[PDB]
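What follows is one chain in structure tokens, specifically the form deposited in one PDB entry.
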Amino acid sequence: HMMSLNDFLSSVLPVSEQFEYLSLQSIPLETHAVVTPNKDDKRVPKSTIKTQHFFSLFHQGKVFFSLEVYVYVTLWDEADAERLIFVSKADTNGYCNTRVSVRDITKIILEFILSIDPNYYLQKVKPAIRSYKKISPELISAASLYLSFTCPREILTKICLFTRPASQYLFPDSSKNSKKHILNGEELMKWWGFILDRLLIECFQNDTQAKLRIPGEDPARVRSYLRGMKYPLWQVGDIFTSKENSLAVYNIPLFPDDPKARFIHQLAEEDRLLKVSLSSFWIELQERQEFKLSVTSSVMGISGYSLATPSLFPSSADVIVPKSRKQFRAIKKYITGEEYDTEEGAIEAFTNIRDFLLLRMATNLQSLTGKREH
């Protein structure tokens, strides 16, 4: 019954109220392995395909919500494959005048991503190394590829996120808006906890790994929080392997803009990736992120199989895929490059996105009427 991104969103938005959304997507591309291969490994992923999804929700001619998600599909062979959803950034600007559930909106967008057939990303992949021939300008006289793969539809699915509080993620200076509710680190952890817990109950099989760690904290308080979860199998810790010595570098996934990756790079700069085990990693991560602006960070991981086989190829109503990386960045930058100290930023972002889509792509933002009763 729920099929399109329109169906999903509509279902969590309030009865009879008008919204619009942007669903933007980069062109899938070959990338480095999510986790640094080691020389003892039997598998090197023959290929890792990365795709960014960027979402914005609008009400009454103003942007008010945005969400940045990456989907990696890792290929080992014809027969085995893994998908990973990395939730990078979510944000609010406080420029919405009706009551909505921002967590049910985030949950349901994630539920849309989970329903996508991983083969959708594999049909046309921009290669990591591209062949090229250049014509030197001497030849003009005065008289004058994409890769494709397949995997099974039902594959191991993982979700990784890292909670850390900030004034803003996607809306510069939105903290200057007095209507903006800025979550502290504890609220933020519990807000993402609720979402993933619902995702488990609604979309995952009962044999799914669900993990939480609050780095640099003793695991005693984590276990307390988790007792209030409705999915029965939450455990303290993470979904990461323990290859090599439990060296962190061979186990830690390297995501865009992510604190785990930023510290891995820091360690690389000191020649210490052969010396920092996982247990130390979390300790030393804590101390630098903490001592920078002391604050609760959490790391959450899901790993298991969907209750329903993903088989959707998003239509043009579900996603807009710009022809270029520059066009992708230009559209996104109308949202992220704007100032949100006044409601005018939320208006200009709407105005600019709408005009760009109409003039350069003859496409409108999608409109929805909410269906959820009070």
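Whichever C-alpha set is largest while still superposing within 1.5 Å between the two forms counts as the rigid core. Residue numbers run from 1 along the displayed sequence.
One more form of this protein should be noted, the form deposited in another entry, which is absent from this view; the next part is about it.
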Tell me, with the core superposed, which single residue in 303, 289, 235, 119 has its C-alpha moved by at least 2 Å between the shown form and the other one.
-> 289
Taking the rigid core as reference, does the Cα of residue 258 move 2 Å or more between the shown form and the other one?
-> no
Does residue 244 count as moved between the shown form and the other one, where moved means a C-alpha shift of 2 angstroms or more after fitting the rigid core?
-> yes
With a C-alpha distance change of 3 Å or more, do residue 291 and residue 164 lie closer or farther in that other deposited form?
-> closer
Change in CA distance between residue 289 and residue 91 in that other deposited form, which is 3 Å or more, as closer or farther = farther
